[PDB]
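Ideal geometry is used to build each Cβ from the backbone, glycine not excepted, and the neighbour counts take in all protein chains shown. Please treat every number below as a calculation from the coordinates, not as lab data.
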Amino acid sequence: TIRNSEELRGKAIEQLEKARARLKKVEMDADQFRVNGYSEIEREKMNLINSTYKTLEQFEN
Amino acid sequence: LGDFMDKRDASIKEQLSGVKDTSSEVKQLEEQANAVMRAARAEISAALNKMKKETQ
C-alpha cells in the first residue's frame with residue numbers, strides 16, 4: 001500500500017508535467033500564430049489598394 | 001513503548017495520507033490550469049479574429 005500510494009503520487013505528478021508541458025507548447029504555438037497573424041494583417045490593404053489602382057488604369061487609359 | 005509503536009504507525013500513515021491528498025490537489029491544479037490554458041488560447045486567437053474583422 002505504501003508503494004502504490006507513492007505510485008498514485010507519481011501519476012499525479014505526471015499529469016502535472018503534462019499540464020505544464022501543454023501550457024508551454026501551445027503558448028509558443030500561439031506566439032507563432034501571433035507573428036503570422038501580424039503578417040496577414042500587413043498583407044491586406046496593400047492588395048486592395050493595388051486593386052483600386054487596377055481599376056484606375058482600367059478606366060482612364 | 002506505546003509511543004514508539006504508535007509513532008512508526010503514525011509515520012507510515014501520515015506519509016501515505018499526505019501523498020493521497022496532495023495527489024488530489026495537484027489533479028485539481030491540472031484541470032484548472034488547462035482550463036485557463038485553453039481559455040487564454042481562445043483569447044489570443046480571438047484577438048486575431050478581432051484584428052482580422054477590424055481591418056476588414
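Quick check on A:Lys54: is it assigned to a helix (DSSP H, G or I) and facing chain B (nearest Cβ under 10 Å)? For A:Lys54, the condition - assigned to a helix (DSSP H, G or I) and facing chain B (nearest Cβ under 10 Å) - is not met.
Selection within segment A:1-36: residues that are more than 7 Å from chain B (Cβ to nearest Cβ) and among the small types (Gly, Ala, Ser). The member of this set that is nearest to B:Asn49 (Cα to Cα) is A:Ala21. When B:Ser11, B:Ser23, B:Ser17, B:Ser45 are checked against the criterion of being polar (S, T, N, Q) and more than 10 Å from chain A (Cβ to nearest Cβ), a single residue qualifies: B:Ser11. Residues that are more than 7 Å from chain A (Cβ to nearest Cβ) and under 13 Å from A:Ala19 (Cβ atoms) within segment B:30-42 comprise B:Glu31, B:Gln32, B:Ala35, B:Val36, B:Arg38, listed in sequence order. Residues that are within 12 Å of A:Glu40 (Cβ to Cβ) and part of a helix (DSSP H, G or I) within segment B:37-56 comprise B:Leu48, B:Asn49, B:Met51, B:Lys52, B:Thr55, listed in sequence order.
Would you check if there is a residue in segment B:1-13 being within 29 Å of A:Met28 (Cβ to Cβ), in a helix (DSSP H, G or I) and among the hydroxyl-bearing types (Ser, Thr, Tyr)? No, segment B:1-13 has no match at all.
Scanning segment A:21-44 for residues that are over 13 Å from the mean Cα position of the chain (by Cα) and loosely packed, with under 11 Cβ neighbours inside 10 Å yields A:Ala21, A:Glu42, A:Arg43. Per the conditions (1) out of contact with any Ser or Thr (no Cβ under 9 Å at 6 or more places or on another chain); (2) within 30 Å of B:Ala39 (Cα to Cα); (3) within 10 Å of chain B (Cβ to nearest Cβ), the sole criterion not satisfied by A:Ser39 is (3).
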